[PDB]
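Chains as they are written, first to last, in the working numbering: chain B, 2 to 223; chain G, 2 to 223; chain W, 2 to 223; chain D, 780 to 999; chain Y, 780 to 999; chain H, 780 to 999; chain L, 780 to 999; chain U, 780 to 999.
Even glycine gets a Cβ: it sits at the ideal position worked out from N, Cα and C.
One structure is given below, encoded as structure tokens.
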Amino acid sequence: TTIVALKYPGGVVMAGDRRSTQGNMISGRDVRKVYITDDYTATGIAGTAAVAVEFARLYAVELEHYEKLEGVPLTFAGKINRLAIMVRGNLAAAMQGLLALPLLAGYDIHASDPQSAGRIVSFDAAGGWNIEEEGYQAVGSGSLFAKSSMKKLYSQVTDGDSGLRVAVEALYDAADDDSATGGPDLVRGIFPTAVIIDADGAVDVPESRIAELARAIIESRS
Amino acid sequence: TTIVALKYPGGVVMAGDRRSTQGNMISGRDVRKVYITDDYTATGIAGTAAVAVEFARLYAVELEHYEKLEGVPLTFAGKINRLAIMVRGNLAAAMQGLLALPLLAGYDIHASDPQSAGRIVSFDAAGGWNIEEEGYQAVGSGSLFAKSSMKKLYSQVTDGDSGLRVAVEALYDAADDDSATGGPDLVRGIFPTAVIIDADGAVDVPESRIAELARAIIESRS
Amino acid sequence: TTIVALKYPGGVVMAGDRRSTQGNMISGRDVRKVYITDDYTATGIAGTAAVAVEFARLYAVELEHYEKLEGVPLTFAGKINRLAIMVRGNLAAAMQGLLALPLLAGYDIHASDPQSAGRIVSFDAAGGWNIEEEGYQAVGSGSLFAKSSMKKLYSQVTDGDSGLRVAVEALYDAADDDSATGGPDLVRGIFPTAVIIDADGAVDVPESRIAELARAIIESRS
Amino acid sequence: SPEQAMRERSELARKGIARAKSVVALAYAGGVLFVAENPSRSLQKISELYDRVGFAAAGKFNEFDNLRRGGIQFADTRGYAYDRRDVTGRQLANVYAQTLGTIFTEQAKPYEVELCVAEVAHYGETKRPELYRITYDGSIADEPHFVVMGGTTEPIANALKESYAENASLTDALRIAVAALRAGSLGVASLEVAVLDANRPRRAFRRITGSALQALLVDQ
Amino acid sequence: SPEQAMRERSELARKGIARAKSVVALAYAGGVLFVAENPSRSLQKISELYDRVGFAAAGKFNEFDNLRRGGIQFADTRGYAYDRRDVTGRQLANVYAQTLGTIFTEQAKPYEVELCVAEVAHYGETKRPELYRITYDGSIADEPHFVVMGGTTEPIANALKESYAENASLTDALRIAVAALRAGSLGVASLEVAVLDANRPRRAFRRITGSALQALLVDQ
Amino acid sequence: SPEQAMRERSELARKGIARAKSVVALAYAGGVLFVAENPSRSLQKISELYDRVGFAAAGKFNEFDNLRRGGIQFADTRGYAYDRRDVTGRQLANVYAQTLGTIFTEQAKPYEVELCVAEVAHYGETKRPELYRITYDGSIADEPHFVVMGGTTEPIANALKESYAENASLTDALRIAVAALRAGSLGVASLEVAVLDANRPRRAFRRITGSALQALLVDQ
Amino acid sequence: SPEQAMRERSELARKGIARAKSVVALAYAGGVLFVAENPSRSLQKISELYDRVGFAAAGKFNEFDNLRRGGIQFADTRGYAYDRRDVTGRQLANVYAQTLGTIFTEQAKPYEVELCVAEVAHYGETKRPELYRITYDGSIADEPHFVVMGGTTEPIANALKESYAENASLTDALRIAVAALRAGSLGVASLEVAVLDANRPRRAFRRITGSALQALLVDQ
Amino acid sequence: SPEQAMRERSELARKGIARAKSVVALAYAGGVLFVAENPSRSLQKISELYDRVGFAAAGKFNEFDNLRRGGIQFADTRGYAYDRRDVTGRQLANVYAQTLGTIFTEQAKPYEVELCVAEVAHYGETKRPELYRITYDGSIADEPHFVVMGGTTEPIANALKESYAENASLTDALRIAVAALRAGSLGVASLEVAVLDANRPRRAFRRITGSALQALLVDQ
Ligand SMILES: *[B]([O])([O])[C]([C][C]([C])[C])[N]C(=O)[C]([C]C1=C2[C]=[C][C]=[C]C2=[C][C]=[C]1)[N]C(=O)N1[C][C]O[C][C]1
Ligand SMILES: *[B]([O])([O])[C]([C][C]([C])[C])[N]C(=O)[C]([C]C1=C2[C]=[C][C]=[C]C2=[C][C]=[C]1)[N]C(=O)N1[C][C]O[C][C]1
Ligand SMILES: *[B]([O])([O])[C]([C][C]([C])[C])[N]C(=O)[C]([C]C1=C2[C]=[C][C]=[C]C2=[C][C]=[C]1)[N]C(=O)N1[C][C]O[C][C]1
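Rendered as structure tokens:
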């Protein structure tokens with residue numbers, strides 16, 4: 002697995018592969034690892050499938066539940082804290098096998114400079130968290146390779162579409178080294194999924210733009 | 002064990018063997034491993050027999066219970082979630098020996114395209130689930146062999162009766178390699194059971210059509 | 002890690018690095034390890050990040066909470082006791098991995114001699130505490146190197162600005178020997194954080210004066 | 780006097796509802812319209828519950844806001860236990876009838892509230908918007924066109940028995956509403972308005988703010 | 780005055796039943812027929828319980844719908860503990876008599892309901908369909924032909940004392956029913972109808988919808 | 780007499796509030812001003828709750844001091860559970876309305892208190908300072924300009940209905956206040972004064988002590 | 780009659796206080812003086828609480844001795860939890876007002892007591908000694924000079940309103956006290972006397988025994 | 780009528796005390812003497828508590844015997860928690876006053892008892908023997924010379940007001956006692972006698988049997 006998050010001038014992009022493995026045996030080829038938690042938050046999740054899906058599903062409910070009750074969405078700080086608590090609330094389980102680590106990406110509609118309202122928060126098996134402020138972050142079996150490729154390719158980030166290609170390229174680089182990550186399947190037509198967040202909200206990046214972007218990378222490296 | 006599920010134009014078919022083993026010692030030759038959970042849901046169950054039977058029995062009660070209470074059947078999404086919870090609620094037992102993994106097949110009477118209303122949902126020991134969308138899936142000691150045969154024979158699936166033969170053939174292929182699966186017993190007249198679901202509902206496939214189909218496979222391979 | 006605290010005639014200074022490591026793998030370069038707990042208290046925290054962050058966060062709330070309820074800040078003795086309790090309350094977790102040791106620095110606005118109102122209280126994994134009265138103290142993987150350097154350079158301590166340089170220098174000396182402490186990053190422009198407390202209150206030392214002081218040490222040692 | 784006792788409870792509650800302000804909900808082309816007179820900027824009488832279901836109440840605020848929270852709590856949990864699509868607001872009406880029923884018996888003083896739960900078909904789907912009214916005593920009924928509650932209802936409800944345009948417009952039903960409201964009494968852009976917009980993809984709720992509201996509001 | 784106390788309880792309850800709408804169940808060739816006047820589209824007074832047993836009640840909705848759920852809860856559990864075939868509806872009549880009995884004593888205000896539990900023989904089997912009536916005070920009786928409850932029963936029950944065709948048809952019994960119902964008063968395809976179809980393989984319950992209903996309904 | 784019972788509770792409480800001293804809060808340029816007559820040096824009627832939200836109450840001390848503590852308790856936990864920025868004082872007003880609501884029903888004797896929760900925009904931000912009044916019976920309202928409580932309010936509140944300078948100064952609003960307070964009756968630097976200073980970085984609370992107060996106080 | 784009920788409680792308590800003996804505390808040069816008429820040798824009405832805080836009460840012994848113990852309990856734990864320096868007796872006054880407050884509501888019969896909590900500055904420190912009076916109903920006030928309680932207070936309190944020497948001596952304030960006490964009525968070295976000696980290093984409490992007392996006592 | 784209610788309780792209890800037999804305790808040279816008229820051979824009104832403290836009570840047996848046991852229970856635990864030497868019977872008097880206090884409020888019917896706790900100096904030590912009287916309402920007082928309880932006290936207590944020999948003999952004080960007891964009325968070696976023998980090493984209790992008693996008893 003590799004989930005990756007980028008900060009660009011407008012906002013943020015998060016994208017993750019769709020491999021699901023069990024041993025060294027491919028058991029999934031179309032997993033949706035990146036979720037739109039609310040209007041301005043995307044959350045990606047790595048590790049134990051059953052927990053990952055449940056984290057996302059549950060988290061989303063929590064956020065929208067606060068909103069319906071208090072009448073206002075949580076602060077971004079609030080949103081972070083809740084996710085962190087949830088992660089710590091799993092440390093017991095994690096210790097036994099049921100490990101699952103989230104990556105948070107969001108646009109803070111209350112940041113001073115609306116061109117730096119993009120946020121990337123990484124999470125700690127124990128419920129710790131660091132607001133990244135370095136533009137890029139990854140989680141998962143291949144996050145090491147992504148981060149390192151994404152290190153070099155980061156200067157090229159100019160805008161949404163610009164960042165998105167670097168994202169997909171890192172995930173391509175991850176799959177190239179981490180047999181548990183899984184690159185683009187042309188033979189089957191399956192491609193990494195992504196989400197973009199700017200002042201207007203969070204939107205699922207259509208696979209068209211991704212599939213295209215992917216073939217670009219494949220050709221140029223080919 | 003092998004339980005197998007196929008998606009065809011009209012709907013879905015699920016079929017599973019009837020072997021029950023204990024060590025390398027045949028202790029069952031006529032086990033009913035596939036169940037009609039409700040009008041549009043069949044559930045097949047692998048692993049620990051005491052638990053498999055109880056899952057099926059209990060699950061059906063739960064679905065019917067919701068219906069009688071709220072006056073309307075659960076969403077397919079709902080049905081999926083409940084089975085998942087149940088499976089999770091067994092993780093403790095699973096850990097000790099009492100492991101049991103279900104395969105869900107159903108027809109969603111609410112799908113946009115009524116020719117794609119066939120569903121196959123596979124389940125994970127920790128309560129995870131993946132809606133298959135690849136047309137076929139298997140569970141059990143021989144699922145590996147079934148899936149792989151059924152990979153090749155999938156193009157042949159045209160309609161109900163067409164799919165059903167591929168099902169039966171995969172189960173034949175499973176028992177061919179997995180000594181814990183058990184093929185068709187001509188000497189005794191025992192054959193894999195099956196269930197079909199289309200817009201009309203879920204119906205037990207009569208053994209006649211199965212026994213027939215089985216002999217066809219036997220002779221052609223003979 | 003290394004957090005360091007110094008006592009000078011006016012009051013106290015505390016400063017700590019920003020490295021966060023995981024194995025022998027840098028995973029943080031700008032962690033804020035020193036916190037202003039209230040108007041006269043700064044608290045620095047070493048070890049497990051998730052706990053350290055949470056100690057600080059929680060502790061500050063407790064202090065402020067007493068104040069709002071009783072109408073008056075706790076005695077300094079009171080403040081020490083509470084922090085101590087909190088640390089003991091973590092012994093269980095510490096035993097398993099989640100270990101976190103704080104260093105307290107404050108100005109007691111009720112000290113007889115307002116030139117000796119600076120306090121340094123070090124803490125013990127079991128909830129023990131010793132008011133240092135020796136002018137300097139350190140906690141963390143590099144605290145040994147710091148304390149030792151800071152032994153020599155202590156005569157130099159004349160005033161706020163004077164002490165602050167010794168602090169920064171000991172943190173430089175720590176990173177020189179403890180690979181887990183991390184010195185000043187000129188290439189990235191990241192420097193140790195600090196806090197100063199005198200009769201006027203506790204204030205964040207601006208990075209300017211630190212960055213400056215840092216390059217002074219770098220050049221002189223160079 | 781068990782029987783006479785229940786009469787006093789009913790009385791107490793029914794008076795409280797009278798002296799409270801008025802709230803109205805009605806079915807229109809786009810879904811369901813919520814309109815209530817509310818001078819307060821923050822203390823709202825109309826709220827979202829779940830995806831396609833909505834809440835509005837008249838009476839003692841602290842009491843109905845409590846029930847409101849409970850509803851949101853029930854729906855959100857129910858949704859997570861099964862699926863989002865399994866929450867009905869017919870359900871919530873039950874829950875409310877159950878709760879208010881208990882309260883009218885167990886609690887010392889009965890709740891001085893009257894509730895309205897409204898549902899409007901999921902996105903693609905088309906279904907006749909539904910309205911439920913739950914009274915203080917736990918009684919529950921479903922009007923097919925409009926629901927009135929709080930203060931003197933007769934003049935407000937009567938005005939609607941005629942002015943109700945079966946398939947009105949958002950701006951037309953709002954006009955019909957605020958007018959029918961004035962009948963039991965003004966009615967300026969200083970009140971509370973929200974809709975269940977059946978055309979919305981997921982969360983079928985929307986508050987109508989100040990400036991946007993005027994562009995729809997009725998001349999008195 | 781413990782004795783006089785119980786009389787006020789009975790009174791309060793019995794009035795509530797009167798002011799509520801009317802519900803009728805009766806035995807016919809195919810099994811058991813459930814017909815009740817209900818304007819609402821969702822708030823149903825007639826429901827399934829188990830395989831071959833059915834529920835219908837008149838009175839305060841939130842109260843009987845509660846008992847309804849309890850029944851379903853009891854039946855489903857009992858079935859899983861032993862076998863599906865071991866649930867009787869005579870059992871459910873007991874359980875309801877027990878519950879309503881306690882309620883009439885323990886609860887501050889007694890339930891304003893009247894219940895009907897109906898069973899009809901398993902598929903192949905042939906057995907005389909059974910009808911149970913449970914009153915608010917926990918009393919229980921079993922009519923052999925038909926059961927009336929809610930509102931003024933005399934005119935409705937009287938009409939049946941003659942109109943009841945022992946072995947009627949589905950369309951005949953429904954005609955007899957809706958007619959007998961009008962006697963205590965209209966009666967349009969805007970009410971609630973369902974049957975216990977003894978001919979069904981497993982779940983002997985079936986609601987009769989709108990269009991299909993008309994093809995059976997009585998001219999007034 | 781459930782209905783008549785509630786009226787005695789109201790009466791008892793309302794009297795207690797009257798015989799108690801007077802407290803006033805109002806909106807001014809710098810944020811919110813808290814002024815109350817209090818001869819005591821330590822038993823304070825006005826307190827901080829959270830960052831930008833403040834508490835003031837008139838009535839039986841031990842009772843409101845209790846609620847005060849509860850508020851501080853709620854706010855601090857809430858803040859820790861989520862973020863500091865997620866505490867609203869609109870929230871606290873609800874909690875108080877909820878608590879006082881329950882008390883007025885469940886507790887033998889109702890609380891003899893009247894509360895004021897006030898919020899004023901975070902540092903950089905600019906927003907209209909908010910004032911909430913919670914009564915003994917759990918009722919809650921939000922005045923936009925000023926709130927009066929304790930003793931005879933009419934003369935005190937009336938004086939403000941005119942003397943209220945929309946965007947007054949700290950020394951001007953204090954002048955306006957202490958004057959309006961004397962209208963319902965002295966008023967020496969022997970009372971209790973504090974402000975919600977919107978200009979403060981984090982903790983928007985400040986008590987105005989003895990000497991510093993004089994430099995703003997009104998001549999009588 | 781909730782309102783009338785509370786008046787009976789007040790009455791019962793108030794009378795008990797009256798029929799009880801008299802207790803006086805006042806501020807003097809050295810700190811605070813405790814004087815109460817008590818023929819008993821062991822059953823004391825004046826006690827230490829914490830380092831610089833002291834207890835004195837009139838009324839039904841078993842009742843106030845209970846509160847006394849509770850105080851000591853509270854203070855000791857509070858001190859241990861935080862620091863000795865963090866206990867205030869303003870705190871204890873609250874706790875007592877809270878306790879007596881609950882009692883006057885929850886307990887069948889209200890406590891027939893009246894309390895006095897007194898604090899006097901830490902050793903080196905100089906601060907104006909503080910006196911708190913807590914009544915049976917949980918009301919709490921802080922006199923700046925002297926506190927009277929038990930029996931008829933008017934003539935005892937009146938005598939003090941004049942004889943109170945602001946900065947009296949130990950032997951002078953004792954004189955002033957025992958004299959003022961006799962006004963409401965003898966007064967021999969057969970009573971109870973103790974002081975909060977502000978000059979003591981840590982525990983600012985001291986009982987004045989028999990022989991040492993005489994050397995200060997007033998001629999009648 | 781909370782006030783009037785407590786008067787009935789007092790009445791009920793005080794009458795029960797009256798119709799019960801009489802018990803007397805008094806201080807003498809050797810320590811403390813316990814004398815009570817008791818025809819019963821086994822049902823004793825006088826008992827040991829701890830080393831140097833003793834119990835005696837008049838009234839409804841099952842009630843005081845209960846308190847007796849409780850005392851022994853308290854004393855023994857306290858002793859084991861700290862030291863034997865830390866038990867005071869002043870302590871036991873408190874506990875008894877506390878218990879009977881609660882009972883007089885919480886229990887439906889108050890205890891019809893009156894208690895006497897007596898302590899007499901440890902072996903070597905010499906200290907004025909102490910006597911405590913605890914009444915049914917939880918009131919507690921300490922007579923310095925003698926205590927009377929049960930039946931008509933005036934004639935029995937009055938006889939003592941004179942016959943009391945300050946430092947009497949065991950045989951003298953017994954003489955004085957039995958005589959003083961007959962004044963409220965015979966008095967043969969068929970009653971109950973025990974002493975707190977200050978001269979004993981550890982357990983300062985001793986029952987005076989039949990034959991040994993005669994050699995001390997008074998001629999009537
Ligand atoms: B990946 O690790 O993010 C990815 C996760 C996703 C499904 C949310 N999936 C995995 O690769 C898991 C595999 C897995 C699994 C596979 C098949 C059936 C059930 C099942 C249940 C949980 C997880 N494997 C994996 O590599 N990780 C590595 C470290 O974390 C735990 C397992
Ligand atoms: B099959 O593997 O799913 C099949 C299952 C079905 C009968 C529910 N049955 C098995 O082969 C079990 C055997 C088994 C058993 C055998 C004999 C007596 C009692 C008994 C009770 C429970 C299960 N064996 C098996 O292969 N699996 C392999 C992995 O899962 C657990 C056991
Ligand atoms: B330091 O030791 O004070 C420092 C502390 C700070 C983060 C508050 N932190 C560390 O160096 C930790 C690293 C760490 C960590 C790294 C990456 C992801 C999550 C994470 C969570 C907790 C801590 N490492 C470390 O050296 N210590 C030394 C002994 O105590 C525990 C680990």
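In the DSSP assignment, what residue or residues form a beta bridge with residue i?
| i | result |
| --- | --- |
| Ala118/W | Paired residue(s): none; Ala118/W is not in a bridge. |
| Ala836/L | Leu894/L |
Quick check: does the Cβ of residue i come within less than 8 Å of any heavy atom belonging to ligand 2?
| i | result |
| --- | --- |
| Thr22/G | yes |
| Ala53/G | yes |
| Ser123/W | no |
With a threshold of 8 Å, establish whether the CB of residue i neighbours any heavy atom of ligand 3.
| i | result |
| --- | --- |
| residue 235/W | No answer is possible for residue 235/W: the residues shown for chain W start at 2 and end at 223. |
| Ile4/W | yes |
Would DSSP call residue i helix, strand or coil?
| i | result |
| --- | --- |
| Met87/B | helix |
| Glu787/U | helix |
| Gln877/Y | helix |
With burial defined as no fewer than 16 other Cβ atoms inside 10 Å of the residue's Cβ, what is the status of residue i: buried or exposed?
| i | result |
| --- | --- |
| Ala835/Y | buried |
| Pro923/D | exposed |
| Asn978/L | exposed |
| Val814/U | buried |
Quick one: is the Cβ of residue i within less than 8 Å of any heavy atom of ligand 1?
| i | result |
| --- | --- |
| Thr49/B | yes |
Ignoring anything shorter than 4 residues, give me the alpha helix (DSSP H) runs that lie fully in the region 3–80 of chain B, in order along the chain.
50–71
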